[PDB]
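Here's the structure we're looking at; comments come further down.
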Ligand SMILES: NC(=O)c1ccc[n+]([C@@H]2O[C@H](COP(=O)([O-])OP(=O)(O)OC[C@H]3O[C@@H](n4cnc5c(N)ncnc54)[C@H](O)[C@@H]3O)[C@@H](O)[C@H]2O)c1
Ligand SMILES: NC(=O)c1ccc[n+]([C@@H]2O[C@H](COP(=O)([O-])OP(=O)(O)OC[C@H]3O[C@@H](n4cnc5c(N)ncnc54)[C@H](O)[C@@H]3O)[C@@H](O)[C@H]2O)c1
Ligand SMILES: O=S([O-])[O-]
Ligand SMILES: O=S([O-])[O-]
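Protein chains in written order, with PDB author numbering: chain D, 1 to 329; chain A, 1 to 329.
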């Protein structure tokens, strides 16, 4: 027989045909996400698992599945997966380090432009059949001669920076880990204090992970700093901002706009998460939203799927998985 | 008696204070487009006019306004203004050659991202309140590794090519007047014929003016060459494309999407234009629209208005306007 691989969400059939001659598969080829108890059942005696953004794994889980050996995750942010427990149980935990970067970088830029140029309303105005030609309205904010501040300058921060090269903006960032001079210089990046980043940027592009330090980093106090009218764009994790503090900053018109691909309600790790995005936030005019689609480009998705599956075949064939997050003897 | 200046749309208070010493102002300080009869009535004894997108000037307009010395257009595309009739009447026609370029290029790239990533629908999905966490949906097209084809490579075509430099795309173009070798090279642009452009680009961005030769240049036959799912972005003029053929191509699924800032119904000089945007186009899910807001950036609008004024003032003082479109004795 063969090792038992659970796959919690739908993948390309091509991936199944590469995984089949080495594993028996317990798939879920739908557009629906299966309940927490249902998954544990499926994994009970599974050796391998392919996990995705809705999946949530703690100490309890791992204990229910003692035949497990590898969780192959098809994502960058593993904040919903307890790596420490995985390590202590001899369980591999792999991620996808690079492939999510660019498609997310592209979307983030689009959201900056769309937010700045009032695109949701503009398009709604055209579709309302009342367009009778140009009128002096929808006056928005462009990138040319603006200060773009980045918070975090890892993969996505850098990818965004590369993409804003010919846009005539002034590029600054705040890192927890500074770059060398060759890169700062060659991207025209200028490092600043966090407070300073907020009080001076017209655009604020977030590119940091969710962890102990980053939860609600963007608070009521740091939002009191921004230039009245600045635009906040969040393509990383919801909980790095306080959405309630953001709503208020919007309502008093200190914050010119908020855009986001991610939300607090997605972050199952901290039980105290909001159960929804605030109706008042969704109803706000100065917003642009997408439903965690940063990596939803179909050629990439296939490559992401392929990578996560290779990690699994590597782990199961005995070997060390090229993209393992943790270390194992 | 100071020379009479008619301004057809609302301008910044600062431009009025700029002109008011030199001439008497007949203003339209409302958000509204006036009737042609009202414009004719106001301009009948005017020495100058500041024109905008909704304005159209032919020989009949000029015959009825014999005192006109200058028409200062606050725009780039002067297709609605009969240049030759102006010349023959000894009226200066001026435009704004560079200020509209960058905000329109920014918007065009925003339209390309937004269309490729189903942004309108994605946002409507999040506002609906149905978002419960990642699903493998709203799958779309990215720029990385796509072939982006440019029809025209003048001001806006070049500002878009500059702005796509860090984006991992393969750039091609067709022109009536080719770039020099060194500009092409720097930007990584390949020069192709028009049918090849249409046959082999995943994104097609229009950057040409409207004239006799470009009227419905993007017609049924040319569209019949695209790769199934090709995306088309029009930031230039509506009537360079046939909107009926575009719609037919969307409906059969050969064109993957159409995004536009401009529409055939705006091209006033065309007597046979559609009067509205076809409701079936406005209903099509694979679309993204803006109400001619290409230069609707706050700081820039002021600058555009100022360029037209300066041109108006130069002509009224007997000079050749810096940005004259024509040449008078
Ligand atoms: N929307 C999407 O589809 C999508 C896709 C990929 C990743 N993401 C999210 O975005 C996050 C960023 O991804 P990435 O590839 O850039 O991660 P990365 O690990 O390459 O870089 C994150 C950077 O943030 C920096 N950082 C940490 N704390 C900081 C602080 N207080 N101030 C400034 N910088 C700080 C780190 O030094 C690190 O280099 C991911 O962890 C994930 O949560 C979202
Ligand atoms: N959406 C907006 O708000 C907005 C703003 C500014 C301009 N525009 C429109 O876009 C047009 C182009 O803008 P620009 O500033 O780039 O103009 P431009 O005059 O600098 O460049 C247009 C280019 O198109 C080329 N061209 C002409 N016929 C061609 C053909 N058959 N094939 C390929 N190329 C051809 C010309 O050689 C020229 O280089 C303007 O004429 C105007 O109508 C729209
Ligand atoms: O890490 S991402 O897939 O949110
Ligand atoms: O030249 S136009 O499109 O304002």
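Just so you know, even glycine gets a beta-carbon here, dropped at the ideal spot from N, CA and C.
If you count every other CB in all the chains shown that lies within 10 Å of the CB of residue i, and 16 or more means buried, which is it?
| i | result |
| --- | --- |
| residue 33 of chain D | buried |
| residue 322 of chain D | exposed |
| residue 2 of chain D | exposed |
| residue 212 of chain D | exposed |
| residue 149 of chain A | buried |
| residue 214 of chain A | buried |
| residue 243 of chain A | buried |
| residue 29 of chain A | exposed |
| residue 305 of chain D | buried |
| residue 318 of chain A | exposed |
| residue 234 of chain D | buried |
| residue 257 of chain D | buried |
| residue 77 of chain A | buried |
| residue 4 of chain A | buried |
| residue 137 of chain A | exposed |
| residue 324 of chain A | buried |
| residue 182 of chain D | exposed |
| residue 37 of chain A | exposed |
| residue 47 of chain D | buried |
| residue 14 of chain D | exposed |
| residue 201 of chain D | buried |
| residue 90 of chain A | exposed |
| residue 272 of chain A | exposed |
| residue 120 of chain A | buried |
| residue 267 of chain D | buried |
| residue 106 of chain D | buried |
| residue 104 of chain D | buried |
| residue 117 of chain D | buried |
Name the chain D residues that come within less than 9 Å of residue i, Cβ to Cβ?
| i | result |
| --- | --- |
| residue 9 of chain A | 134, 135, 136 |
| residue 117 of chain A | 103, 106, 107, 110, 290, 293, 296, 297 |
Along chain D, which residues have their Cβ under 8 Å away from the Cβ of residue i?
| i | result |
| --- | --- |
| residue 266 of chain A | 133, 134 |
| residue 21 of chain A | Going along chain D, no residue has its Cβ under 8 Å from residue 21 of chain A, so there is no contact; the nearest lies around 24 Å. |
| residue 282 of chain A | 126, 127, 129 |
Name the chain A residues whose beta carbon is nearer than 9 Å to that of residue i?
| i | result |
| --- | --- |
| residue 52 of chain D | 134, 136 |
| residue 79 of chain D | Simply none; closest approach about 13 Å. |
Report the neighbours of residue i on chain A: residues whose CB is nearer than 8 Å to its CB, in chain order.
| i | result |
| --- | --- |
| residue 165 of chain D | 165, 166 |
| residue 277 of chain D | 126, 129, 131 |
What does residue i touch in chain A if you count any residue whose Cβ is under 7 Å from its own?
| i | result |
| --- | --- |
| residue 162 of chain D | 166 |
Residues, ordered as in the chain, of the region 119–150 of chain D that lie near chain A by beta-carbon distance below 8 Å: Under the 8 Å Cβ criterion, the region 119–150 of chain D contributes 119, 120, 122, 123, 125, 126, 127, 129, 131, 132, 133, 134, 135, 136, 137, 138, 139, 140, 141, 142, 143, 144, 145.
Any residues in the region 294–309 of chain A with a beta carbon nearer than 8 Å to a beta carbon of chain D? Which ones, in chain order? 296, 297, 298, 299, 300, 301
If you measure beta-carbon to beta-carbon, which residues of the region 84–115 of chain D are closer than 7 Å to chain A? Taking 7 Å as the Cβ-Cβ cut-off against chain A, the residues of the region 84–115 of chain D that qualify are 102, 103, 106, 107, 109, 110, 113, 114.
If we count Cβ pairs, one from each stretch, closer than 8 Å, do we get three or more for the region 69–86 of chain D versus the region 238–252 of chain A? no
Decide yes or no for the touch test of the region 171–179 of chain D against the region 191–202 of chain D: beta carbon pairs closer than 8 Å, at least 3 of them. These segments touch.
Is it the case that the region 122–135 of chain D contacts the region 100–112 of chain D, given that we only count it when at least three CB pairs across the two stretches are under 8 Å? no
Is the region 69–79 of chain A touching the region 296–314 of chain A, taking contact as three or more C-beta pairs under 8 Å? yes
Three CB pairs or more closer than 8 Å across the region 198–207 of chain D and the region 144–161 of chain D: yes
Given a limit of 8 Å on CB to CB distance, which residues of the region 31–59 of chain A reach chain D? 31, 32, 33, 52, 53, 54
At least 3 beta-carbon pairs within less than 8 Å: the region 94–105 of chain D vs the region 19–26 of chain A: no
Runs of 4 residues minimum, wholly inside the region 80–112 of chain D: which ones carry the alpha helix (DSSP H) assignment? 83–88
Along the chain, which unbroken stretches of the beta strand (DSSP E) at least 3 residues long are found entirely within the region 155–243 of chain D? 170–174, 203–206, 230–234
Would you check if there are 3 or more beta carbon pairs closer than 8 Å linking the region 283–300 of chain A to the region 260–267 of chain A? yes
What ranges does the alpha helix (DSSP H) occupy inside the region 25–88 of chain A, keeping only unbroken runs of at least 4 residues that lie completely in it? 36–43, 59–63
Three-pair Cβ contact test at 8 Å for the region 275–282 of chain A versus the region 117–129 of chain D: yes
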